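Below is one structure, written out as structure tokens, with a few remarks after it.
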Amino acid sequence: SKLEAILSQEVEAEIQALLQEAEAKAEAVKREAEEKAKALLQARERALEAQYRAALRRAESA
Amino acid sequence: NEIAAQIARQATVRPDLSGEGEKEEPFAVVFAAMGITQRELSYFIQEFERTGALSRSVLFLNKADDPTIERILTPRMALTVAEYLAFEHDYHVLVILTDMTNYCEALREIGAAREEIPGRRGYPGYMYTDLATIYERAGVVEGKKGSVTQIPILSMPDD
């Protein structure tokens with residue numbers, strides 16, 4: 001009974017550790033997704049602006 | 001042709017690390033071609049209209065189907081304009097003299113029509129002086145901010 005109770009307390013500690021690991025993994029995944037979306041949107045907007053500038057330069061030369 | 005095209009479209013002097021402020025003037029291309037065939041001609045002019053350089057460049061085209069002795073006049077005629085636009089207007093003229101091997105074959109033809117004693121592999125002796133008077137009309141002068149930088153393209157026969 002005491003050893004089954006100690007193993008149940010350890011199982012509760014392991015369940016808390018698993019919930020904390022799942023929460024930390026979800027937080028790191030959301031952070032990485034936000035960083036990737038920010039870098040992709042910045043790259044796409046800068047590429048659109050640079051293409052517009054180069055096309056305006058070639059059109060003004062013409 | 002593609003190396004010359006990439007240095008034609010995306011080469012730029014960097015003023016900021018030189019420490020002079022900036023004036024950041026882009027180049028001016030004197031493209032003189034001596035017996036490029038048709039495909040290289042198509043590639044160069046479409047590359048220049050895609051980079052938008054034909055509003056600041058000149059072409060002296062002397063194609064493959066052109067006659068074969070005016071190749072002697074083509075580079076000197078181009079570099080006359082190069083000297084002009086450098087040393088009277090403060091420019092940064094880059095000169096692409098394509099395929100000097102056709103110039104040297106035309107020089108060989110005019111040297112062998114006049115019986116003249118050649119040096120090595122049938123080329124006449126004054127080829128040194130004529131390639132000198134093509135090349136050394138280039139460099140920078142004191143005080144005048146005009147300048148000439150040449151890319152002559154050779155084609156090594158047996159590489």
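Following the order of the structure tokens, chains are lettered A, B, ..., residues in each are numbered from 1, and ligands are numbered from 1.
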
Using only C-alpha atoms and a cut-off of 8 Å, which residues of chain B sit close to chain A? Please list them as a ChimeraX atom specification. /B:51-52,55

Skipping near chain neighbours, those fewer than 5 positions away, what residues fall within 12 Å of stretch 14-24 of chain B using only C-alpha atoms, listed as JSON, numbers by chain? {"B": [90, 91, 92, 145]}

Residues near residue B:102, cut-off 7 Å, only C-alpha atoms, skip fewer than 3 positions along chain, as a VMD selection string: chain B and resid 34 to 35 99 105 to 106

As a PyMOL selection string, please: every residue in stretch 19-91 of chain B that DSSP puts in helix (DSSP H, G or I). chain B and resi 39-51+74-87

If you measure from atom CA of residue B:76 to atom CA of residue B:59, what distance in Å do you get, rounded to one decimal?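 Going from atom CA of residue B:76 over to atom CA of residue B:59 covers 13.2 Å.
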
Near residue B:89, within 12 Å and counting only C-alpha atoms, which residues show up once chain neighbours fewer than 2 positions away are dropped, as an mmCIF file with N, CA, C and O atoms, in the first residue's frame?
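In the end it all went to out_29.cif:
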```cif
data_model
loop_
_atom_site.group_PDB
_atom_site.id
_atom_site.type_symbol
_atom_site.label_atom_id
_atom_site.label_comp_id
_atom_site.auth_asym_id
_atom_site.auth_seq_id
_atom_site.Cartn_x
_atom_site.Cartn_y
_atom_site.Cartn_z
ATOM 1 N N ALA B 28 28.608 52.882 -68.427
ATOM 2 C CA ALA B 28 28.250 53.154 -69.811
ATOM 3 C C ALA B 28 28.995 52.142 -70.658
ATOM 4 O O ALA B 28 30.227 52.078 -70.603
ATOM 5 N N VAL B 81 35.285 56.331 -79.620
ATOM 6 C CA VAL B 81 34.119 56.807 -78.888
ATOM 7 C C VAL B 81 34.300 56.596 -77.394
ATOM 8 O O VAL B 81 33.821 57.393 -76.580
ATOM 9 N N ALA B 82 35.016 55.540 -77.012
ATOM 10 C CA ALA B 82 35.276 55.286 -75.598
ATOM 11 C C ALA B 82 36.174 56.358 -74.989
ATOM 12 O O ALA B 82 35.872 56.887 -73.909
ATOM 13 N N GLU B 83 37.289 56.671 -75.662
ATOM 14 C CA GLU B 83 38.148 57.787 -75.276
ATOM 15 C C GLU B 83 37.373 59.084 -75.197
ATOM 16 O O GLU B 83 37.559 59.871 -74.262
ATOM 17 N N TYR B 84 36.497 59.308 -76.176
ATOM 18 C CA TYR B 84 35.669 60.505 -76.241
ATOM 19 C C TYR B 84 34.783 60.647 -75.009
ATOM 20 O O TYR B 84 34.879 61.632 -74.262
ATOM 21 N N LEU B 85 33.922 59.656 -74.779
ATOM 22 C CA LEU B 85 32.958 59.709 -73.690
ATOM 23 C C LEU B 85 33.615 59.630 -72.324
ATOM 24 O O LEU B 85 33.024 60.081 -71.341
ATOM 25 N N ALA B 86 34.816 59.068 -72.233
ATOM 26 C CA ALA B 86 35.527 59.123 -70.967
ATOM 27 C C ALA B 86 36.102 60.508 -70.733
ATOM 28 O O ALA B 86 35.794 61.161 -69.731
ATOM 29 N N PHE B 87 36.906 60.992 -71.670
ATOM 30 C CA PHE B 87 37.800 62.106 -71.421
ATOM 31 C C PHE B 87 37.203 63.437 -71.833
ATOM 32 O O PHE B 87 37.922 64.437 -71.887
ATOM 33 N N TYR B 91 33.029 60.081 -67.403
ATOM 34 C CA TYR B 91 32.225 58.870 -67.337
ATOM 35 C C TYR B 91 33.010 57.702 -66.747
ATOM 36 O O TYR B 91 34.110 57.854 -66.221
ATOM 37 N N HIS B 92 32.402 56.526 -66.789
ATOM 38 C CA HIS B 92 32.977 55.329 -66.218
ATOM 39 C C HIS B 92 32.817 54.207 -67.237
ATOM 40 O O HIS B 92 32.208 53.178 -66.977
ATOM 41 N N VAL B 93 33.317 54.470 -68.441
ATOM 42 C CA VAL B 93 33.055 53.634 -69.603
ATOM 43 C C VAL B 93 33.668 52.252 -69.433
ATOM 44 O O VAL B 93 34.871 52.106 -69.186
ATOM 45 N N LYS B 144 41.017 64.059 -64.504
ATOM 46 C CA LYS B 144 39.752 63.888 -65.198
ATOM 47 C C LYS B 144 39.122 62.586 -64.739
ATOM 48 O O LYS B 144 39.740 61.523 -64.837
ATOM 49 N N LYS B 145 37.892 62.671 -64.252
ATOM 50 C CA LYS B 145 37.241 61.538 -63.612
ATOM 51 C C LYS B 145 36.646 60.560 -64.606
ATOM 52 O O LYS B 145 35.996 59.595 -64.189
ATOM 53 N N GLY B 146 36.835 60.794 -65.899
ATOM 54 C CA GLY B 146 36.566 59.766 -66.880
ATOM 55 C C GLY B 146 37.498 58.583 -66.722
ATOM 56 O O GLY B 146 38.587 58.690 -66.157
ATOM 57 N N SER B 147 37.064 57.439 -67.246
ATOM 58 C CA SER B 147 37.821 56.208 -67.075
ATOM 59 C C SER B 147 37.325 55.159 -68.049
ATOM 60 O O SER B 147 36.147 55.139 -68.415
#
```

I'd like the contact shell of stretch 64-70 of chain B - 12 Å cut-off, only C-alpha atoms, skipping same-chain residues fewer than 5 positions apart - returned as a ChimeraX atom specification. /B:33-41,75-77,99,102-111,113

Could you write out the selected residues, including N, CA and C atoms, as a compact mmCIF listing (two decimals), in the first residue's frame?
```txt
# COMPACT_ATOMS: atom_id res chain seq x y z
N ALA B 33 31.32 44.17 -81.18
CA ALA B 33 31.27 42.76 -81.50
C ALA B 33 31.90 42.54 -82.86
N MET B 34 32.76 41.54 -82.97
CA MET B 34 33.48 41.25 -84.20
C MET B 34 33.21 39.82 -84.64
N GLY B 35 32.13 39.62 -85.37
CA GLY B 35 31.85 38.28 -85.85
C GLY B 35 31.23 37.38 -84.82
N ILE B 36 30.39 37.92 -83.96
CA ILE B 36 29.49 37.07 -83.21
C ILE B 36 28.39 36.63 -84.16
N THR B 37 27.80 35.46 -83.90
CA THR B 37 27.12 34.82 -85.02
C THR B 37 25.71 35.34 -85.25
N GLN B 38 24.73 34.85 -84.50
CA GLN B 38 23.44 35.52 -84.41
C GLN B 38 22.88 35.31 -83.02
N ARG B 39 23.21 34.15 -82.47
CA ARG B 39 22.65 33.71 -81.21
C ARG B 39 23.21 34.50 -80.05
N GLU B 40 24.52 34.73 -80.08
CA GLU B 40 25.18 35.56 -79.07
C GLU B 40 24.68 36.99 -79.16
N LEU B 41 24.44 37.47 -80.38
CA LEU B 41 23.89 38.80 -80.60
C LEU B 41 22.51 38.94 -79.98
N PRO B 75 37.31 47.71 -83.59
CA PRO B 75 37.67 48.06 -82.21
C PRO B 75 38.24 49.45 -82.07
N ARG B 76 39.01 49.91 -83.06
CA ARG B 76 39.57 51.25 -82.99
C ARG B 76 38.48 52.30 -83.11
N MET B 77 37.48 52.02 -83.95
CA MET B 77 36.33 52.90 -84.04
C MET B 77 35.53 52.93 -82.75
N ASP B 99 35.24 38.68 -78.77
CA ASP B 99 35.90 37.71 -79.65
C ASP B 99 37.05 38.25 -80.51
N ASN B 102 38.51 36.70 -83.97
CA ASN B 102 38.14 37.06 -85.34
C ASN B 102 38.90 38.29 -85.82
N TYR B 103 39.23 39.20 -84.90
CA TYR B 103 40.14 40.29 -85.25
C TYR B 103 41.49 39.76 -85.68
N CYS B 104 42.00 38.77 -84.96
CA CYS B 104 43.32 38.27 -85.28
C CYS B 104 43.32 37.44 -86.55
N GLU B 105 42.20 36.77 -86.86
CA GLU B 105 42.12 36.08 -88.14
C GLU B 105 42.03 37.06 -89.30
N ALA B 106 41.31 38.17 -89.12
CA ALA B 106 41.28 39.19 -90.16
C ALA B 106 42.63 39.85 -90.34
N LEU B 107 43.36 40.04 -89.24
CA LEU B 107 44.71 40.57 -89.33
C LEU B 107 45.64 39.58 -90.02
N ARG B 108 45.44 38.29 -89.79
CA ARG B 108 46.22 37.27 -90.47
C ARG B 108 45.95 37.28 -91.96
N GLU B 109 44.69 37.50 -92.34
CA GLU B 109 44.34 37.54 -93.75
C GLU B 109 44.96 38.74 -94.45
N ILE B 110 44.92 39.91 -93.82
CA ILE B 110 45.53 41.07 -94.46
C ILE B 110 47.05 41.02 -94.37
N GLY B 111 47.62 40.24 -93.45
CA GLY B 111 49.06 40.09 -93.42
C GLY B 111 49.56 39.09 -94.44
N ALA B 113 47.87 38.38 -97.33
CA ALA B 113 47.67 38.86 -98.69
C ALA B 113 48.85 39.69 -99.17
```
